[PDB]
Amino acid sequence: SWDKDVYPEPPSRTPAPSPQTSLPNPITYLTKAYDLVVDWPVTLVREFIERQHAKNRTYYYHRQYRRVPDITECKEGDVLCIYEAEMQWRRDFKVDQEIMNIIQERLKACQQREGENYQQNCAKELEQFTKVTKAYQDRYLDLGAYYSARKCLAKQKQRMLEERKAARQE
Amino acid sequence: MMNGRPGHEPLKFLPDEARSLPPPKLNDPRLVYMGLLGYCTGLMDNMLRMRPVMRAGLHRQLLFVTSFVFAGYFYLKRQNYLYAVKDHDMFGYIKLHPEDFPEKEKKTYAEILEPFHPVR
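Residues numbered from 1 in each chain as written, not as in the entry; some residues may be left out. Chains lettered and ligands numbered in written order. Part of a larger assembly, values for the part shown. Heavy atoms only, no water.

Structure determination for this PDB entry is given in the record as cryo-EM, at a resolution of 2.39 Å.

Shown next, in the form of structure tokens:
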């Protein structure tokens, strides 16, 4: 399955039903025929497959990377230290891309789920998408095709110096 | 530039101090390429004399290959020695003149303020 914490879904609330008319509902009968002719044979095939899988159970692991010194702690011209720091920054940048994708996925799922109520009931997902987008822009916007840890750091220091100047004038 | 250096013998192909260096491997890639050029020279010579390119004069072809490898080995030894002398002089000069070659203490990127140039 998946993590209900990473990809949250509200609980379903399906009505009774309470049919008034005496006519038979064709969808109800078509679903019963579907659940017999189609769903049932497909489940048996899947259960057979899952039984075979358990006899050959293998495992795989999510790789862990220990932190290495940041670009801030590298002497300039120290290519061995710059390389490891730069490779670490590329790994983090990639993971940031997928965090953006998760937040947009929540936003899209919520809009569809809320329908005509999306302008009111998507406030938290829209705010998180707004916050996480601000943070993304600060790290990575305008770095260019040759983006790197050195350019990201130069972009941060330029922003910090402007924030400090504005605060000092206050 | 190096010709007037101390302890320079005139017209010496391989000075005795060159015998401290490790000799080249007989299958050194530069020596393998030399032997390949000698083989090409034999084939080109056959072509220019309207002889069967690969078949004619295998004795002549073998001498071409062996001469290129043989000469190349000794020339490679001399070239190894000249490069070793160049490094011996360069580093020795660096030690006698520590004021012209100071160790430059480099700063970390936490202190260096590189300018940011936005791409947009």
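Colleague: Explanation requested: the pattern of salt bridges in the structure shown.
Modeller: Where charged atoms of side chains with opposite charge meet at close range, the side chains can pair. All names here are of chain A. For the structure shown, the criterion picks out 11 salt bridges over all chains. Its salt-bridge partner being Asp92, residue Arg67 comes within 2.8 Å of it at the nearest N-O pair. Separated by 25 residues along the polypeptide, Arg67 in the loop between α1 (26–55) and α2 (79–114) and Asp92 in helix α2 bring together distant segments of the chain. Look at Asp92 and you get partly exposed, because its relative accessible area is 28%. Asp138 is the salt-bridge partner of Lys134, the closest N and O atoms lying 3.0 Å from each other. (Salt bridge = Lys/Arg side-chain N within 4 Å of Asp/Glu carboxyl O. Helix = DSSP H or I, 4+ residues; strand = E, 2+ residues; numbered from the N terminus. Buried < 20%, exposed > 50% of the residue type's maximum accessible area, 1.4 Å probe, protein only.)

Colleague: Help me out: how do you make sense of the environment of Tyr109(B) in this one?
Modeller: Relative to the assigned elements, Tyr109(B) resides in the segment after α2 (58–96). By relative accessible area, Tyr109(B) is classed as buried at 5%. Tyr109(B) sits 71 residues away from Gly38(B) along the chain, and the two C-alpha atoms are 54 Å apart. Non-local contacts of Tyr109(B), meaning those with residues more than four positions away in its chain, are made with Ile71(A), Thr72(A), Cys74(A), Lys75(A), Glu76(A), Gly77(A), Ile82(A), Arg150(A), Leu153(A), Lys157(A) and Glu114(B). (Contact = heavy atoms within 4.5 Å.)

Colleague: Any chance you could explain the nonpolar core here in plain terms?
Modeller: Inside soluble globular proteins, nonpolar side chains tend to come together where they are buried. If you look at the biggest cluster of nonpolar residues, it comprises 17 residues, and the most contacted ones within it are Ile71(A), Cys74(A), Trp89(A), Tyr140(A), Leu143(A) and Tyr109(B). Broken down by secondary-structure element, the contributors of at least two residues to this core are α2, α4 (123–140) and α5 (149–169) of chain A. The dominant element in this core, judged by the number of residues it contributes, is α2(A), at five residues. Non-local contacts of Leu143(A), meaning those with residues more than four positions away in its chain, are made with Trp89(A), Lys151(A), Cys152(A), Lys155(A), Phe116(B) and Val119(B). (Core = buried A, V, L, I, M, F, W, Y, C linked by side-chain atoms within 4.5 Å.)

Colleague: I'm lost on the interface of chain A and chain B in this one. Help?
Modeller: It is common to give the size of an interface as the accessible area lost on bringing the parts into contact. Between chain A and chain B, the residue contacts involve 20 residues of the former and 15 residues of the latter. Carbon and sulfur atoms supply 58% of the area buried between chain A and chain B, which totals about 1500 Å² over both sides. If you sort the residues of chain A by the area they bury against chain B, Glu76(A), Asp142(A) and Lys157(A) come out on top, with a joint share of 40%. Summed over the shared surface of chain A and chain B, the number is two salt bridges. (Buried area = accessible area lost by both parts, 1.4 Å probe.)

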